[PDB]
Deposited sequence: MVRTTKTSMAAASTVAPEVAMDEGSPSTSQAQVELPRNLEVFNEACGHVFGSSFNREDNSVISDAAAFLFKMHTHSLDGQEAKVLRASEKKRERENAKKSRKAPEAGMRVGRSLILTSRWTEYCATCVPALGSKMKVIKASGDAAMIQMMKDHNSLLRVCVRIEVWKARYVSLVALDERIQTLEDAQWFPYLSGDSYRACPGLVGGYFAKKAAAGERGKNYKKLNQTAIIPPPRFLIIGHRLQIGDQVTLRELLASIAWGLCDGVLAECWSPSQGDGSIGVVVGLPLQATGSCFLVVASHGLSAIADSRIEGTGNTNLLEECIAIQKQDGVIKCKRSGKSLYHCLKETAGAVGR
């Protein structure tokens, strides 16, 4: 009785990869989601060409991609995924045609086309959620070449335009910089670099990440934070008997998705730019435990650096 959102993704994965798609390995699920996302975005070889307003270089690249041979059944996409003959039929029948707009489909009134468009949008959202989680997981041990300063580190992950479009609440990069550094409409969403995302093996089955489920330290760290978040977050994971690279979640930080500490001048008071700093290493984070909420002092070192130092 899973939601249609995850049912669509499971059906797509089964149809495109057959039995080679393991629903337990996070790398396998992430690779499958990435391939499905690039298929639904008309980015694979032999797919439609993006030549609406393409420049000379972009036009030539799109022409080469369209002319390039499309993937064939038996091709290796990743490390444990093999395409099936049904992938072509799934692409032809499920992937909406390039440039399709939901308004036109709704006006046409075709129930099948509307359902296909809705499923495509849901699949894009799920794929980009998984891809953001995988970007966090990757950055935990191998940062990007662009991240040099806090001005750069404020916009992670550096995903492509389609990734920003699908889940602009979570995605960042260049397009999030463009949006934030510009006019903001009523439907403008803020970049939640630390919004919770269950691990893909949990996501594709709809499980809600919670206390008491078996996961790895890297899994939880790439779930609730990313490479450059503070190291205190590691306290949300506890190794089990014998460790073995598998433990259990002991809590989840509060105030994860949002934050605000401004106090405007009012009734003769003075405005405060930050209630906290109004000691820096003495800051604490609230963790929700089975017993209740507790305060844990920060460590002052990034999760990336802390993991590097604790590697050995």
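According to the record, C-alpha coordinates are lacking for deposited residues 1-33, 312-316, 351-354.
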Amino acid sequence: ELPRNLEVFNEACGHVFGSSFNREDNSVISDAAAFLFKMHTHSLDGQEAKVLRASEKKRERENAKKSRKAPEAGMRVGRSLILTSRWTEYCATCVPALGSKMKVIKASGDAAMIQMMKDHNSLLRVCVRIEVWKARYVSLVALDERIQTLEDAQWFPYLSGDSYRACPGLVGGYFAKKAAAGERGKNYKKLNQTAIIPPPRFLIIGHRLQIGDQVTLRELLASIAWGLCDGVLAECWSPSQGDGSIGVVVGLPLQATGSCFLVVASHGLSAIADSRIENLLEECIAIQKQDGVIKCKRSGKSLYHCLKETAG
From here on, numbers count along this sequence of modelled residues.
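Superpose the two forms; the largest set of C-alphas matching within 1.5 Å is the rigid core.
The segment moving more, judged by mean Cα distance from this form in 5 other deposited structures of this protein after a core overlay, is 50-58 among 33-41 and 50-58. The segment moving more, judged by mean Cα distance from this form in 5 other deposited structures of this protein after a core overlay, is 300-308 among 300-308 and 9-17.
Checked against the other entries of this protein, residue 270 counts as unresolved in at least one third of those spanning it.
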